[PDB]
file structure14.cif (mmCIF, C-alpha atoms)
data_upload
#
loop_
_atom_site.label_atom_id
_atom_site.label_comp_id
_atom_site.auth_asym_id
_atom_site.auth_seq_id
_atom_site.Cartn_x
_atom_site.Cartn_y
_atom_site.Cartn_z
CA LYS N 1 16.28 -2.90 -5.07
CA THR N 2 18.63 -1.70 -2.25
CA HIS N 3 15.69 0.28 -0.74
CA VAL N 4 11.94 -0.48 -0.39
CA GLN N 5 9.10 2.01 0.34
CA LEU N 6 7.05 0.71 3.31
CA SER N 7 4.19 2.18 5.39
CA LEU N 8 4.57 0.70 8.92
CA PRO N 9 1.55 0.49 11.26
CA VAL N 10 2.34 2.40 14.51
CA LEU N 11 1.12 0.29 17.52
CA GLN N 12 0.53 1.26 21.19
CA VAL N 13 2.98 -0.79 23.37
CA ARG N 14 0.09 -2.16 25.55
CA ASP N 15 -1.70 -3.57 22.41
CA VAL N 16 1.33 -5.53 21.18
CA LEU N 17 0.73 -9.30 21.44
CA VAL N 18 4.19 -10.53 20.30
CA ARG N 19 6.71 -8.29 22.03
CA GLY N 20 9.87 -9.19 20.04
CA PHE N 21 11.30 -11.15 17.10
CA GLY N 22 13.39 -13.79 18.95
CA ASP N 23 16.28 -14.66 21.19
CA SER N 24 19.59 -13.54 19.52
CA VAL N 25 20.73 -10.29 17.82
CA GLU N 26 21.12 -12.24 14.53
CA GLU N 27 17.62 -13.84 14.86
CA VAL N 28 15.77 -10.57 15.61
CA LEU N 29 17.46 -8.75 12.65
CA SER N 30 16.61 -11.78 10.39
CA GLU N 31 12.97 -11.98 11.57
CA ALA N 32 12.51 -8.15 11.41
CA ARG N 33 13.69 -8.14 7.74
CA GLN N 34 11.38 -11.10 6.88
CA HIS N 35 8.32 -9.35 8.55
CA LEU N 36 9.19 -6.04 6.78
CA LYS N 37 9.25 -7.90 3.40
CA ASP N 38 5.93 -9.81 4.24
CA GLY N 39 4.09 -6.63 5.45
CA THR N 40 3.72 -8.16 8.98
CA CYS N 41 5.93 -5.64 10.88
CA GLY N 42 4.68 -2.91 13.24
CA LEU N 43 6.48 0.06 14.85
CA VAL N 44 6.31 1.25 18.50
CA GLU N 45 7.43 4.84 19.19
CA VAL N 46 10.00 4.85 22.04
CA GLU N 47 9.06 6.92 25.13
CA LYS N 48 9.71 6.51 28.90
CA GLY N 49 8.53 3.03 29.98
CA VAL N 50 8.12 1.50 26.48
CA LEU N 51 11.30 -0.63 26.11
CA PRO N 52 10.96 -2.44 29.51
CA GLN N 53 7.49 -3.64 28.26
CA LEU N 54 9.11 -5.25 25.16
CA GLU N 55 11.45 -8.26 24.83
CA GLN N 56 15.22 -8.01 24.16
CA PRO N 57 17.00 -8.21 21.84
CA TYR N 58 15.30 -5.02 20.42
CA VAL N 59 15.29 -4.12 16.69
CA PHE N 60 15.29 -0.32 16.10
CA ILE N 61 14.69 1.64 12.90
CA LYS N 62 17.15 4.57 12.81
CA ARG N 63 17.25 7.51 10.30
CA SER N 64 20.15 6.74 7.88
CA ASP N 65 20.18 10.14 6.02
CA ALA N 66 18.59 13.70 5.94
CA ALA N 67 13.21 11.77 2.64
CA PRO N 68 12.16 10.56 -0.86
CA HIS N 69 8.37 10.77 -1.62
CA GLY N 70 7.63 11.44 2.15
CA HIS N 71 9.55 8.21 3.12
CA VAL N 72 12.37 8.70 5.71
CA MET N 73 15.42 6.53 4.87
CA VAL N 74 16.06 4.07 7.74
CA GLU N 75 18.21 1.08 8.62
CA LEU N 76 18.00 -1.65 11.32
CA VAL N 77 20.09 -1.64 14.56
CA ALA N 78 19.67 -4.43 17.19
CA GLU N 79 20.29 -3.98 20.95
CA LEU N 80 20.99 -6.63 23.68
CA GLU N 81 22.02 -5.76 27.31
CA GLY N 82 22.98 -2.20 26.28
CA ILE N 83 25.16 -3.14 23.25
CA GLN N 84 24.00 -2.08 19.70
CA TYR N 85 24.87 -4.00 16.51
CA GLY N 86 24.91 -1.34 13.85
CA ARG N 87 25.51 2.40 13.88
CA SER N 88 22.90 4.88 12.53
CA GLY N 89 20.95 8.09 13.31
CA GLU N 90 17.94 8.98 15.50
CA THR N 91 15.52 6.17 16.55
CA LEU N 92 12.11 6.34 14.76
CA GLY N 93 10.89 3.43 16.96
CA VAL N 94 11.21 -0.27 17.88
CA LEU N 95 9.97 -2.96 15.46
CA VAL N 96 7.64 -5.78 16.57
CA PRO N 97 5.61 -8.44 14.79
CA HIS N 98 2.20 -7.19 13.61
CA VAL N 99 -0.55 -9.83 14.14
CA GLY N 100 -3.65 -7.61 13.52
CA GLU N 101 -3.43 -4.94 16.29
CA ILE N 102 -5.21 -1.67 15.29
CA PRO N 103 -2.62 1.07 14.64
CA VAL N 104 -2.81 4.73 15.76
CA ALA N 105 -0.87 5.96 12.66
CA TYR N 106 1.37 4.91 9.76
CA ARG N 107 5.11 5.78 9.41
CA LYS N 108 6.32 5.96 5.73
CA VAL N 109 9.97 4.74 5.55
CA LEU N 110 12.50 3.87 2.81
CA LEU N 111 14.19 0.73 4.23
CA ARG N 112 17.83 -0.02 3.27
CA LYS N 113 17.33 -3.77 2.40
#
call {"tool": "encode", "arguments": {"input": "structure14.cif", "output": "structure tokens"}}
result
Amino acid sequence: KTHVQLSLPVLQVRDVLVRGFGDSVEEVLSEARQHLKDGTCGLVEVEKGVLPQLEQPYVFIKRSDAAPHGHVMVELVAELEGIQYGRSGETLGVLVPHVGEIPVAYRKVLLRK
């Protein structure tokens, strides 16, 4: 399937134990996609002060369209030293590994895979 329905745990930035997916734009996009498939991916909502507490490169989920079955359609965009790899809509948040942190909410998305 080109799209997959996922419910992503929303984590507080100060709870996150593993603050990124790796060291290159290509690695973080690879790792993000693997964790999304394996159900081991969390989401941090971007506000003032969040991104400096996480590791670059960043992987964002961005709204790819204007929401089947409650699931917002999203795609992945990476960012490294202010350059983005991908073009999409509004940021829903930044992806991080999930290693058992308690979430504050769930975000239903349809991921372009």
call {"tool": "closest_residue", "arguments": {"input": "structure14.cif", "among": "N:66, N:99, N:29, N:46", "to": "residue 9 in chain N", "atoms": "all atoms listed in the file"}}
result
N:99
call {"tool": "resolve_selection", "arguments": {"input": "structure14.cif", "expression": "the PyMOL selection byres ((chain N and resi 56) around 10)", "output": "list in words"}}
result
residues 19, 20, 21, 22, 23, 24, 25, 28, 51, 52, 53, 54, 55, 57, 58, 59, 78, 79, 80, 81 and 82 of chain N
call {"tool": "closest_residue", "arguments": {"input": "structure14.cif", "among": "N:26, N:75, N:38, N:45", "to": "residue 12 in chain N", "atoms": "only C-alpha atoms"}}
result
N:45
call {"tool": "residues_around", "arguments": {"input": "structure14.cif", "residues": "range 95-98 of chain N", "least_positions_apart": "3", "cutoff": "6 Å", "atoms": "all atoms listed in the file", "output": "compact mmCIF listing (two decimals) with C-alpha atoms, in the frame of the given file"}}
result
# COMPACT_ATOMS: atom_id res chain seq x y z
CA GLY N 20 9.87 -9.19 20.04
CA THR N 40 3.72 -8.16 8.98
CA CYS N 41 5.93 -5.64 10.88
CA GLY N 42 4.68 -2.91 13.24
CA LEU N 43 6.48 0.06 14.85
CA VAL N 59 15.29 -4.12 16.69
CA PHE N 60 15.29 -0.32 16.10
call {"tool": "atom_distance", "arguments": {"input": "structure14.cif", "atom1": "CA of residue 65 in chain N", "atom2": "CA of residue 102 in chain N"}}
result
29.5 Å
call {"tool": "resolve_selection", "arguments": {"input": "structure14.cif", "expression": "the PyMOL selection byres ((chain N and resi 105) around 7)", "output": "ChimeraX atom specification"}}
result
/N:9-10,103-104,106-107
call {"tool": "closest_residue", "arguments": {"input": "structure14.cif", "among": "N:48, N:11, N:112, N:18", "to": "residue 61 in chain N", "atoms": "only C-alpha atoms"}}
result
N:112
call {"tool": "closest_residue", "arguments": {"input": "structure14.cif", "among": "N:50, N:87, N:44, N:111", "to": "residue 74 in chain N", "atoms": "all atoms listed in the file"}}
result
N:111
call {"tool": "closest_residue", "arguments": {"input": "structure14.cif", "among": "N:8, N:16, N:92, N:72", "to": "residue 47 in chain N", "atoms": "all atoms listed in the file"}}
result
N:92
call {"tool": "atom_distance", "arguments": {"input": "structure14.cif", "atom1": "CA of residue 89 in chain N", "atom2": "CA of residue 63 in chain N"}}
result
4.8 Å
call {"tool": "axis_aligned_box", "arguments": {"input": "structure14.cif", "around": "range 52-62 of chain N", "padding_each_side": "4 Å", "output": "lines of an AutoDock Vina configuration file"}}
result
center_x = 12.3
center_y = -1.8
center_z = 21.2
size_x = 17.7
size_y = 20.8
size_z = 24.7
call {"tool": "closest_residue", "arguments": {"input": "structure14.cif", "among": "N:68, N:14, N:62, N:76", "to": "residue 113 in chain N", "atoms": "all atoms listed in the file"}}
result
N:76
call {"tool": "build_atoms", "arguments": {"input": "structure14.cif", "residues": "range 8-36 of chain N", "atoms": "N, CA and C atoms", "output": "CSV table (one decimal), in the coordinates of the input"}}
result
chain,number,residue,atom,x,y,z
N,8,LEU,N,4.5,1.6,7.7
N,8,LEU,CA,4.6,0.7,8.9
N,8,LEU,C,3.4,1.1,9.9
N,9,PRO,N,2.6,0.2,10.3
N,9,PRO,CA,1.6,0.5,11.3
N,9,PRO,C,2.2,0.8,12.6
N,10,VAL,N,1.8,2.0,13.2
N,10,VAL,CA,2.3,2.4,14.5
N,10,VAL,C,1.4,1.8,15.6
N,11,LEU,N,1.9,1.0,16.5
N,11,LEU,CA,1.1,0.3,17.5
N,11,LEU,C,1.4,0.9,18.9
N,12,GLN,N,0.4,0.9,19.8
N,12,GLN,CA,0.5,1.3,21.2
N,12,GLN,C,1.2,0.1,21.9
N,13,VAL,N,2.2,0.3,22.7
N,13,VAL,CA,3.0,-0.8,23.4
N,13,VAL,C,2.1,-1.8,24.1
N,14,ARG,N,1.0,-1.3,24.8
N,14,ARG,CA,0.1,-2.2,25.6
N,14,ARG,C,-0.8,-3.0,24.7
N,15,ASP,N,-0.9,-2.7,23.4
N,15,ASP,CA,-1.7,-3.6,22.4
N,15,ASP,C,-0.8,-4.7,21.9
N,16,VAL,N,0.5,-4.6,21.9
N,16,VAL,CA,1.3,-5.5,21.2
N,16,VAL,C,1.2,-6.9,21.8
N,17,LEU,N,0.9,-7.9,21.0
N,17,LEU,CA,0.7,-9.3,21.4
N,17,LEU,C,2.0,-10.1,21.4
N,18,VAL,N,2.9,-9.8,20.4
N,18,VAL,CA,4.2,-10.5,20.3
N,18,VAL,C,5.3,-9.5,20.4
N,19,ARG,N,6.0,-9.5,21.5
N,19,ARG,CA,6.7,-8.3,22.0
N,19,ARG,C,8.2,-8.3,21.6
N,20,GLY,N,8.5,-9.2,20.7
N,20,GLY,CA,9.9,-9.2,20.0
N,20,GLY,C,9.9,-10.2,18.9
N,21,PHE,N,11.1,-10.3,18.3
N,21,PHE,CA,11.3,-11.2,17.1
N,21,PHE,C,12.1,-12.4,17.4
N,22,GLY,N,12.6,-12.6,18.6
N,22,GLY,CA,13.4,-13.8,19.0
N,22,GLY,C,14.5,-13.5,20.0
N,23,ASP,N,15.5,-14.4,20.0
N,23,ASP,CA,16.3,-14.7,21.2
N,23,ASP,C,17.7,-14.3,21.0
N,24,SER,N,18.2,-13.9,19.8
N,24,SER,CA,19.6,-13.5,19.5
N,24,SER,C,19.6,-12.3,18.7
N,25,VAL,N,20.7,-11.5,18.7
N,25,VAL,CA,20.7,-10.3,17.8
N,25,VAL,C,20.5,-10.7,16.4
N,26,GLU,N,21.2,-11.8,15.9
N,26,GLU,CA,21.1,-12.2,14.5
N,26,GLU,C,19.7,-12.7,14.2
N,27,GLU,N,19.0,-13.4,15.1
N,27,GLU,CA,17.6,-13.8,14.9
N,27,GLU,C,16.7,-12.6,14.7
N,28,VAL,N,16.8,-11.7,15.6
N,28,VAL,CA,15.8,-10.6,15.6
N,28,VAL,C,15.9,-9.7,14.4
N,29,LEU,N,17.2,-9.5,13.9
N,29,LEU,CA,17.5,-8.8,12.6
N,29,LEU,C,16.9,-9.5,11.5
N,30,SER,N,17.1,-10.9,11.5
N,30,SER,CA,16.6,-11.8,10.4
N,30,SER,C,15.1,-11.7,10.3
N,31,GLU,N,14.5,-11.9,11.5
N,31,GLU,CA,13.0,-12.0,11.6
N,31,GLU,C,12.4,-10.6,11.2
N,32,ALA,N,13.0,-9.5,11.7
N,32,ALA,CA,12.5,-8.2,11.4
N,32,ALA,C,12.5,-7.9,9.9
N,33,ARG,N,13.5,-8.3,9.2
N,33,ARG,CA,13.7,-8.1,7.7
N,33,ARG,C,12.6,-9.0,7.0
N,34,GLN,N,12.4,-10.2,7.5
N,34,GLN,CA,11.4,-11.1,6.9
N,34,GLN,C,10.0,-10.4,7.1
N,35,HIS,N,9.7,-10.0,8.3
N,35,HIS,CA,8.3,-9.4,8.6
N,35,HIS,C,8.2,-8.0,7.7
N,36,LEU,N,9.2,-7.3,7.6
N,36,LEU,CA,9.2,-6.0,6.8
N,36,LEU,C,8.8,-6.4,5.3
